[PDB]
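Report on the following structure.
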2 protein chains.
Amino acid sequence: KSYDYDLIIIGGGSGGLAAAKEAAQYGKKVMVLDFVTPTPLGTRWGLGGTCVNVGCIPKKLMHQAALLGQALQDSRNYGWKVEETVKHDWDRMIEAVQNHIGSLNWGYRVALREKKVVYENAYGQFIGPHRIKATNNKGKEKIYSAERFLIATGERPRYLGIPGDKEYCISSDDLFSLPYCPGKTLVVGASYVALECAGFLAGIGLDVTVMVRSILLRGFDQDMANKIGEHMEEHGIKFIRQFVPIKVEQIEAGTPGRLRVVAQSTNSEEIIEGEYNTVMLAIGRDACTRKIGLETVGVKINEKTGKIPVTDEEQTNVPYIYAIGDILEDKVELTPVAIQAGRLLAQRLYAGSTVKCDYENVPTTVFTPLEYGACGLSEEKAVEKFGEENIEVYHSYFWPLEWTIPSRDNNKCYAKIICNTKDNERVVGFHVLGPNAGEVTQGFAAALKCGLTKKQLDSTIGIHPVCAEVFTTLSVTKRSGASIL
Amino acid sequence: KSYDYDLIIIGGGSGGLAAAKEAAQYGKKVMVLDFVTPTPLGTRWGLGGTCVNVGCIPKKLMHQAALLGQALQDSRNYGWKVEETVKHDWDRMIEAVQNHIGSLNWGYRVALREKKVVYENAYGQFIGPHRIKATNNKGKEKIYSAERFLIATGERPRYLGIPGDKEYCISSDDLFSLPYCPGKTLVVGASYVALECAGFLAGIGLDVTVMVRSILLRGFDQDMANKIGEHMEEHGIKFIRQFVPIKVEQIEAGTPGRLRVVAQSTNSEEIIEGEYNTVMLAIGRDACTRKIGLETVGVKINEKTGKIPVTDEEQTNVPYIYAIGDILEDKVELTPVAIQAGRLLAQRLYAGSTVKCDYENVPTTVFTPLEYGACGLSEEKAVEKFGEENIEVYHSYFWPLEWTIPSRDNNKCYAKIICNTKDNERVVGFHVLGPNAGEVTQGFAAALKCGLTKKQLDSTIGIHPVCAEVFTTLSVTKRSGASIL
Ligand SMILES: Cc1cc2nc3c(=O)[nH]c(=O)nc-3n(C[C@H](O)[C@H](O)[C@H](O)COP(=O)(O)OP(=O)(O)OC[C@H]3O[C@@H](n4cnc5c(N)ncnc54)[C@H](O)[C@@H]3O)c2cc1C
Ligand SMILES: Cc1cc2nc3c(=O)[nH]c(=O)nc-3n(C[C@H](O)[C@H](O)[C@H](O)COP(=O)(O)OP(=O)(O)OC[C@H]3O[C@@H](n4cnc5c(N)ncnc54)[C@H](O)[C@@H]3O)c2cc1C
Ligand SMILES: [Au+]
Ligand SMILES: [Au+]
C-alpha cells in the first residue's frame with residue numbers, strides 16, 4: 001500500500017551508509033536518519049558515524065603521528081641532521097585531523113545527495129508497525145513509513161557508575177576533538193581502544209598511565225596481549241594492575257585542570273590515590289538499542305547485553321526489520337564487517353543475490369605502539385576446539401631490517417601460526433606482532449579463506465628483505481621447546 | 001674412495017651459505033669457497049655475497065633513508081615542529097650501512113664456524129673430475145676433492161663496451177660504499193636496480209638523471225612500469241629517452257670529480273652531451289661462469305648467455321655437480337629463490353626429502369620511490385597465455401590514509417588483479433603500486449599458491465583502515481571502461 005520510502009536506515013554509520021548507497025544503486029527509494037546525541041561534555045560531530053568521526057580514522061591518524069615521532073628519532077642514525085629532541089603541538093595535530101574528518105563528512109553528504117538518498121538529521125524512533133518518528137535538533141517531529149527498516153544504530157561509550165565520571169572524565173568520543181593538550185592522563189580499561197589511545201598518547205611525549213581491572217585485551221590471544229603489555233611498559237607507559245576507580249574529584253578547573261582519582265583494589269581493600277590532568281574512560285561500549293522504541297514494533301532483543309539476535313541473513317524476528325553493525329549478537333564489531341554486511345544485505349534484498357556475509361576468520365589489528373595483527377583462532381580457543389595434542393604452534397622472533405641502524409627493539413617482534421595437525425596441518429590461526437601488521441595480515445587472511453596449509457605456506461617464496469617473510473620459514477615449535485632467540 | 005669433503009660449495013652467497021648450513025645440519029663434511037674479485041675501482045667486501053653486501057640489504061636501508069626523508073617532510077602537517085628544510089649527510093649514512101653490513105659478515109662467519117663448516121677465502125676453479133684448485137688472495141694454491149659440488153657463483157655488473165667506463169664509472173658494486181657524496185649523478189639503464197638507486201638518490205636530495213635505452217623495467221608489467229616512470233618523473237628525476245652512452249671522459253678529478261658523457265640517439269644520429277659528477281652503470285648482470293674451468297669437468301652451459309641449464313632438481317648434465325642461484329637458465333634471480341633452492345637441494349641430497357623448489361608465481365618488489373609489488377603473470381603475458389577474451393582486469397586507484405594530512409599524491413597508488421574467467425575467475429596476476437607494497441604482496445602470493453579465486457577474495461573481509469583493503473572490493477574492470485578516479 002502506501003509507503004513513503006522503500007528502505008529506512010536508522011543510523012548513518014559505516015554499515016548504514018553502505019547499505020543506503022547500494023540499495024540506491026538499484027533505483028529504490030531510501031532514507032537515512034542520522035543523529036548524534038551529544039557527549040556529556042557536549043561534543044558532537046557530523047555524518048559518517050563512529051569509524052569516520054571518532055574511531056578508525058582519527059585513531060589511525062594519531063597513531064601515524066606517533067609513528068612519525070619514532071621516525072624522527074630514527075632518522076638521526078640514518079644521516080639526517082635533526083635536533084636531538086623535538087616537541088609536539090597538540091593543537092595543530094587536532095586541527096589537521098578534524099579538517100580531514102570534516103572533509104569526509106562532506107564527502108559522505110555529497111555522495112548521498114548524488115545517489116538520490118534523502119538524508120534527514122533527525123533522531124529515529126519506532127512508534128508502530130512500519131512507522132517511525134523523527135525528531136530534529138530543534139525539537140520538531142515528523143512521521144515516516146517504510147516497507148523495510150535497517151537498524152544500524154551502533155554503540156556509545158560506557159561509563160563507570162562512580163561519582164564524577166560524566167562531568168570530569170572524557171571518553172574516546174571527546175579525545176580526538178579535545179581543544180587542549182591532555183597532559184598527564186589516566187586511561188581506564190584494557191580494551192583495544194584503551195591500549196591504542198594510551199600508546200599514541202605516550203608516543204607524542206605525554207605521561208600516560210593505564211589502569212586495568214584483570215587482564216589485557218580480553219578476547220584476543222593472551223600470549224600476544226601479554227607481549228604487547230610488556231612492550232608498552234618498556235616504552236614508558238605505567239601500568240597499575242587490578243584496580244578500578246571509585247571516585248573522581250576535581251582539584252582545579254582548567255584546560256586541562258587537575259583531578260584526583262581514588263581507586264580500590266580488586267582482591268583487597270587497598271586504596272590508592274593519584275592526580276591526573278585528565279581521565280579517559282575506555283571500558284567498553286553499550287548498544288543504543290534501548291531508546292528507539294523497539295517494543296512498539298515487537299523486535300526481540302537480548303535484555304542483558306542489549307544486542308539484537310539476527311538470522312544469518314541479518315533478519316530480526318520481525319520479517320521486515322533487519323539489523324547490521326555492532327548491535328548484533330555474537331558477531332564481530334568491526335567496520336569492514338558492517339560495510340560488507342550492509343552491501344550484501346542490499347544486494348540480497350534488491351539484486352536477487354544469495355551470497356551471505358561470512359563472519360568467520362575475520363582479521364583485526366590493534367594499533368598499539370607495536371602493531372598487532374590477528375586472523376583466526378587464538379591459541380587458547382584453538383586448543384579448546386581441536387585438543388592440545390592436535391595443535392602445533394610454530395613461532396619465531398624476527399628483527400625488521402629498518403630497526404637495525406637505529407639499533408633498537410631487537411627480539412621483540414613475534415610471529416606465530418597455529419596449525420591443526422588433524423587436518424593436513426591447516427593454518428587455523430595467524431598472529432603477527434611487528435611493524436605494518438595489518439598490511440601483512442590482510443594477505444594471510446585471504447589465504448585462510450582459501451584453506452592455506454602449512455606445506456603450501458612453506459613452499460611460498462618469501463620476498464626479501466621484508467618483515468612478512470618471517471612467515472615463509474617458520475620451523476620452530478613451542479612443543480619442541482627449542483629457543484627462538 | 002678418497003674425498004676431502006662431501007660437498008664443496010663454490011661461492012658464499014645467499015644460496016651457497018644456505019645450502020652449506022643445511023648440509024652441515026646432517027653431519028656431512030662441507031667446505032665453502034668465497035672470493036670477491038675486486039671492482040675495477042678496487043672495492044671489495046666480506047663474506048655473504050651480493051644480497052648482504054652490495055644488494056638487497058643496503059638498497060633497502062638507503063630506501064629507508066629516503067622514506068625517512070619523506071617522513072620528515074610529512075611530519076610538519078601532523079604537528080611536529082621540524083625546520084622547513086633538513087640536509088642529508090652521505091658520509092654518516094654510509095658509515096651506518098657499512099657497519100651493519102660488517103655485522104652481517106661477522107654473523108655469517110660465526111654461523112659457519114659454529115656448524116663446523118670450513119670457510120676458505122679462496123677463488124675456486126675446476127681442474128678435473130671431482131677436483132678443484134683454490135687460490136688465496138696472496139696467490140698460494142691448494143687442491144681439493146669432493147663427492148659433490150655446488151656452483152653458486154652468482155653474477156657481476158655488466159659494463160658498456162665504451163671508452164672510460166671502467167675507470168670513471170661506478171656500478172651497484174661501488175655505490176653503497178662510496179666514500180664521498182655522488183652529487184649530480186647519471187644512472188644508465190632501466191633495470192629494477194637502476195630505478196631503485198635513482199629513486200633513493202633523488203630522495204636524499206641529489207640531482208639524478210636516468211638514461212634509458214628503450215623501455216623501463218623489461219620483464220615487468222609495462223603498464224605498472226610506465227606508472228612508476230611517471231611518478232618518478234613527477235618527483236624531480238629527469239628522464240632521457242632512447243639514448244645510450246658512447247663515451248665518458250674525465251673533465252676534472254676529485255671526490256666527486258666532473259665527467260662528460262657523450263651519448264647517441266637510438267633511432268637517429270642525434271648526439272647529446274652532459275656533465276655529471278658521477279655516472280652509475282646499471283644495465284644488467286653477467287654470470288661468473290666463464291672463468292671457473294667448467295670445461296675441465298664437462299659442464300655444459302649456454303654459451304650465449306652464460307647461464308647453466310639444470311634439471312628441476314638443480315642438477316647439471318654432470319651428475320655430481322649442481323648449480324643454484326642466478327646462474328641458472330630461465331629461472332628467477334631473487335635471493336629467496338636461491339635460499340629456498342639451496343635448502344631444498346640439501347634436504348634432497350642428505351635428508352631423503354622429495355620436495356622440489358617451485359619457481360612459479362614467485363613475488364618480487366621493486367623499491368622505487370613508490371614501491372611496486374608483483375606476483376604472477378603480467379597483463380601482457382596473461383593475455384598471451386589465456387587469450388584477451390578470457391582475461392578480466394580488475395583495477396582501482398586508492399588513497400592511503402597516511403597521505404591525506406600531508407595532502408599529497410592522491411590517485412597515484414594503483415592496485416590491479418588479473419583474473420582468468422575460463423578457470424573460475426582465478427587470480428593469475430597481482431600487482432600493487434603503493435606504500436609497503438611487499439608486505440601486502442607476501443600474503444597474496446601465499447594466497448595464489450592456494451589458488452585464490454575472485455569470489456573468495458571478494459568474500460574476504462578487509463581490515464580498516466589499511467591500504468591493502470583495496471584488494472577486498474575490486475569491482476571495476478578495464479573492459480567496462482568505467483572511470484576509476
Ligand atoms: C576509538 C575506536 C577505534 C576503533 N577502531 C577500529 C578499527 O581500527 N577497526 C575497526 O574495524 N573498528 C574499529 N572500531 C569499531 C568501529 O568504530 C565500529 O565497530 C563501527 O563503527 C560500527 O559501525 P556501526 O555503523 O554499526 O556503528 P556507528 O558507525 O556508530 O553507527 C551509528 C550511527 O547512528 C547514529 N545513531 C545512534 N542512535 C540513533 C538513532 N536513534 N537514530 C538515528 N541515528 C542514530 C550514531 O550517532 C552514529 O552516527 C573502533 C571504535 C572506536 C570507538
Ligand atoms: C643492487 C641490487 C639489489 C638487489 N635487490 C634484490 C632484492 O631486493 N630482492 C631480491 O630478491 N634480489 C635482489 N637482488 C638480486 C640478488 O642480489 C641476487 O639475485 C642474489 O644475490 C643471487 O644469489 P647468488 O648466491 O646466486 O649470487 P651471489 O650472492 O652473488 O653469490 C656469489 C658469491 O660467490 C663469489 N664468487 C664468485 N665467483 C667465485 C669463484 N670463482 N669462486 C668462489 N666464489 C666466487 C662472489 O664474489 C659472491 O660472493 C639485488 C641485486 C642487486 C645487484
Ligand atoms: Au602535549
Ligand atoms: Au649529498
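Naming scheme: A, B, ... for chains in displayed order of the C-alpha cells; residues 1 onward per chain; ligands 1 onward as shown.
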
Could you give me the residues within 7 Å of ligand 1, counting only C-alpha atoms and all ligand atoms, as a count of residues only? 49

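Residues of protein or nucleic acid lying within 6 Å of ligand 4, counting only C-alpha atoms and all ligand atoms, are residues 90, 181, 183 and 206 of chain B.
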
Could you please select, counting only C-alpha atoms, the residues of chain A within 7 Å of chain B and state them as a ChimeraX atom specification? /A:56-57,61,64-65,68,71-72,75,78-81,86-90,92-93,96,100,335-337,362-364,402,405,438-440,442-444,446-447,449-450,452,456-457,460-466,468

If you run DSSP on the backbone, which residues of range 224-424 of chain B are helix (DSSP H, G or I), as a PyMOL selection string? chain B and resi 224-234+294-296+335-350+379-386+388-390+401-403+421-423

Could you state the separation of CA of residue 395 in chain A and CA of residue 432 in chain A in Å, given to one decimal place?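 Answer for the CA of residue 395 in chain A to CA of residue 432 in chain A separation: 9.7 Å.
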
Spatial neighbours of residue 428 in chain A, max dist 10 Å, only C-alpha atoms, sep filter under 5 positions, as a ChimeraX atom specification: /A:361,375-379,382,391,417-420,423,448,451-454

With only C-alpha atoms as the counted atoms, please give the residues lying no more than 12 Å from residue 302 in chain A, apart from itself and same-chain residues fewer than 2 positions off, as number ranges by chain. A: 287, 289-290, 294, 299-300, 304-310, 316, 327-330

What does the file look like for those residues with C-alpha atoms, as a short mmCIF file (atom, residue, chain, number, x, y, z; two decimals), in the first residue's frame?
data_model
loop_
_atom_site.label_atom_id
_atom_site.label_comp_id
_atom_site.auth_asym_id
_atom_site.auth_seq_id
_atom_site.Cartn_x
_atom_site.Cartn_y
_atom_site.Cartn_z
CA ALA A 287 24.35 -0.65 22.37
CA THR A 289 19.05 -0.15 21.20
CA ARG A 290 17.18 0.79 24.38
CA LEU A 294 11.72 -1.50 19.60
CA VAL A 299 11.67 -6.57 17.92
CA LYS A 300 13.10 -9.06 20.40
CA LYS A 304 21.08 -8.44 29.35
CA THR A 305 23.55 -7.16 26.75
CA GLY A 306 21.33 -5.00 24.54
CA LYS A 307 22.33 -6.83 21.37
CA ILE A 308 19.71 -7.92 18.84
CA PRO A 309 19.73 -11.57 17.72
CA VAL A 310 19.57 -11.94 13.94
CA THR A 316 15.30 -9.95 13.11
CA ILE A 327 24.41 -4.11 17.74
CA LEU A 328 24.18 -7.71 16.53
CA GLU A 329 24.53 -10.58 18.98
CA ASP A 330 27.68 -12.74 18.82
#

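Residues in contact with range 141-143 of chain A at up to 8 Å, not including ones fewer than 4 positions away on its chain and judged by only C-alpha atoms, are residues 131, 132, 133, 134, 135 and 136 of chain A.
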
Just write the chosen residues, C-alpha atoms, as a compact mmCIF listing (two decimals), in the first residue's frame.
# COMPACT_ATOMS: atom_id res chain seq x y z
CA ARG A 131 6.10 3.73 11.03
CA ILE A 132 8.76 5.85 12.74
CA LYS A 133 9.04 9.22 14.46
CA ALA A 134 11.89 11.60 13.62
CA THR A 135 12.83 14.49 15.93
CA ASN A 136 15.13 17.21 14.62

Name the residues in contact with residue 182 in chain B at a cut-off of 8 Å, using only C-alpha atoms, excluding same-chain residues fewer than 2 positions from it; report them as a list in words.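 Here the qualifying residues turn out to be residues 178, 180, 184, 185, 255, 256, 277 and 278 of chain B.
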
From a DSSP pass on the backbone, collect the residues of range 366-464 of chain B flagged as strand (DSSP E) and hand them back as a list in words. residues 366, 372, 373, 374, 375, 376, 391, 392, 393, 394, 395, 396, 397, 414, 415, 416, 417, 418, 419, 420, 426, 427, 428, 429, 430, 431, 432 and 433 of chain B

Restrict the selected residues to N, CA, C and O atoms and save them as a compact mmCIF listing (two decimals), in the first residue's frame.
# COMPACT_ATOMS: atom_id res chain seq x y z
N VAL B 366 59.99 -4.03 -6.42
CA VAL B 366 60.91 -3.00 -6.85
C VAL B 366 60.73 -1.83 -5.91
O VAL B 366 59.64 -1.26 -5.82
N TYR B 372 56.67 -1.09 -5.69
CA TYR B 372 55.92 -1.85 -6.67
C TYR B 372 56.05 -3.32 -6.33
O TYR B 372 57.14 -3.88 -6.42
N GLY B 373 54.95 -3.95 -5.95
CA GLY B 373 54.95 -5.35 -5.59
C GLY B 373 54.16 -6.14 -6.61
O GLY B 373 53.09 -5.72 -7.02
N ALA B 374 54.71 -7.27 -7.02
CA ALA B 374 54.08 -8.04 -8.08
C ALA B 374 54.16 -9.52 -7.76
O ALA B 374 55.10 -9.98 -7.12
N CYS B 375 53.17 -10.26 -8.23
CA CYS B 375 53.16 -11.70 -8.07
C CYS B 375 52.35 -12.33 -9.19
O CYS B 375 51.16 -12.03 -9.34
N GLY B 376 52.97 -13.22 -9.94
CA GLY B 376 52.27 -13.88 -11.02
C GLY B 376 52.46 -13.22 -12.36
O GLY B 376 53.46 -12.54 -12.60
N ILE B 391 40.49 -12.86 -20.17
CA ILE B 391 41.17 -12.17 -19.08
C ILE B 391 40.36 -10.95 -18.69
O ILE B 391 40.07 -10.09 -19.53
N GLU B 392 40.02 -10.85 -17.41
CA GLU B 392 39.38 -9.65 -16.88
C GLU B 392 40.34 -8.98 -15.91
O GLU B 392 40.93 -9.64 -15.05
N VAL B 393 40.50 -7.68 -16.06
CA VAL B 393 41.46 -6.92 -15.27
C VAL B 393 40.67 -6.02 -14.34
O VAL B 393 40.10 -5.02 -14.78
N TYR B 394 40.65 -6.37 -13.06
CA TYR B 394 40.03 -5.50 -12.07
C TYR B 394 41.10 -4.55 -11.57
O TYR B 394 42.22 -4.97 -11.29
N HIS B 395 40.77 -3.27 -11.48
CA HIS B 395 41.76 -2.33 -11.01
C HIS B 395 41.08 -1.17 -10.33
O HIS B 395 39.89 -0.91 -10.53
N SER B 396 41.86 -0.46 -9.52
CA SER B 396 41.35 0.71 -8.84
C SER B 396 42.50 1.56 -8.34
O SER B 396 43.54 1.04 -7.92
N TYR B 397 42.29 2.86 -8.35
CA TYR B 397 43.15 3.72 -7.57
C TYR B 397 42.71 3.67 -6.12
O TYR B 397 41.57 3.32 -5.81
N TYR B 414 47.92 2.41 -7.08
CA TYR B 414 47.18 1.68 -8.09
C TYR B 414 47.22 0.21 -7.73
O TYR B 414 48.29 -0.31 -7.42
N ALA B 415 46.08 -0.45 -7.76
CA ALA B 415 46.03 -1.87 -7.46
C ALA B 415 45.23 -2.59 -8.53
O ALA B 415 44.10 -2.19 -8.82
N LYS B 416 45.80 -3.64 -9.11
CA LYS B 416 45.06 -4.37 -10.12
C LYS B 416 45.34 -5.86 -10.00
O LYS B 416 46.47 -6.28 -9.74
N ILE B 417 44.29 -6.63 -10.18
CA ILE B 417 44.38 -8.08 -10.23
C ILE B 417 43.89 -8.54 -11.59
O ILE B 417 42.95 -7.98 -12.17
N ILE B 418 44.54 -9.57 -12.10
CA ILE B 418 44.26 -10.12 -13.42
C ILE B 418 43.66 -11.50 -13.22
O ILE B 418 44.30 -12.38 -12.63
N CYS B 419 42.44 -11.70 -13.70
CA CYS B 419 41.70 -12.92 -13.42
C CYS B 419 41.37 -13.66 -14.71
O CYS B 419 41.07 -13.05 -15.74
N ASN B 420 41.43 -14.99 -14.60
CA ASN B 420 41.16 -15.93 -15.67
C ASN B 420 39.72 -16.39 -15.54
O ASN B 420 39.36 -17.08 -14.58
N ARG B 426 39.97 -17.29 -11.71
CA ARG B 426 41.11 -17.46 -10.83
C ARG B 426 42.01 -16.24 -10.91
O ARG B 426 42.14 -15.61 -11.95
N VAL B 427 42.65 -15.89 -9.79
CA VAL B 427 43.53 -14.73 -9.74
C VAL B 427 44.90 -15.19 -10.20
O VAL B 427 45.66 -15.78 -9.44
N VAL B 428 45.22 -14.95 -11.48
CA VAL B 428 46.51 -15.37 -12.01
C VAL B 428 47.57 -14.29 -11.87
O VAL B 428 48.76 -14.58 -12.00
N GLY B 429 47.17 -13.06 -11.58
CA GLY B 429 48.12 -11.97 -11.53
C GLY B 429 47.76 -10.98 -10.46
O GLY B 429 46.58 -10.74 -10.19
N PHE B 430 48.77 -10.40 -9.82
CA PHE B 430 48.55 -9.47 -8.73
C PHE B 430 49.61 -8.39 -8.82
O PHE B 430 50.80 -8.70 -8.91
N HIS B 431 49.18 -7.13 -8.83
CA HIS B 431 50.11 -6.02 -8.93
C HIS B 431 49.61 -4.89 -8.06
O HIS B 431 48.46 -4.47 -8.18
N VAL B 432 50.48 -4.39 -7.20
CA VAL B 432 50.13 -3.31 -6.29
C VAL B 432 51.21 -2.27 -6.37
O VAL B 432 52.40 -2.59 -6.40
N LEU B 433 50.81 -1.02 -6.47
CA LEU B 433 51.73 0.11 -6.50
C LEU B 433 51.30 1.04 -5.39
O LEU B 433 50.30 1.75 -5.52

If we count only C-alpha atoms, what is near range 161-163 of chain A at a cut-off of 9 Å, once residues fewer than 4 positions away on the same chain are taken out, given as a VMD selection string? chain A and resid 245 to 249

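Proximity ranking of B:380, B:389, B:174, B:371 relative to residue 200 in chain B places B:371 first, based on only C-alpha atoms.
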
Hey, can you check how far CA of residue 170 in chain A sits from CA of residue 280 in chain A?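 Those two atoms sit 4.8 Å apart.
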